[PDB]
């Protein structure tokens, strides 16, 4: 795992992605901090969001554990910051990288998945009243992410 993580890290330095940053905190290559900018044209625009990333000792044959540390209003992300995303469990591919995982995450922010959401009350709102959902999502962004 260590070589593969170093390679990803080297690639990140060689081609930094826009809106996303990730890398080790300390000397521990297996625990990373990451940030994501709120995508433009969504309720999270202008917000900054922090995540923690823990790589398993058999990475990349198992997915990294990824979680938000910033409060965010979204059907797939609960108050422990856990994310409901298939590529992080069953649909993980060993060819995925943190760069791509973070991007998948941004993608989820703009377009929530209606199937089997983590925070049903939010999904319920998103399903019925969108003005409500968007409003609260922005307020949450204004409050916690800026």
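Residue numbers count along the first chain shown, from 1.
91 to 99 and 113 to 121 differ in mean CA B-factor, and the higher of the two is recorded for 113 to 121. In this entry, 123 to 131 has the higher mean Cα B-factor, the comparison being between 8 to 16 and 123 to 131. When the C-alpha B-factors of 79, 42, 84, 69 are ranked from the entry, the top spot goes to 42. You'll see in the entry that, of 34, 29, 105, 37, the Cα B factor peaks at 37. Among the modelled residues of its chain, residue 145 has a C-alpha B-factor that falls in the middle third according to the deposited record.
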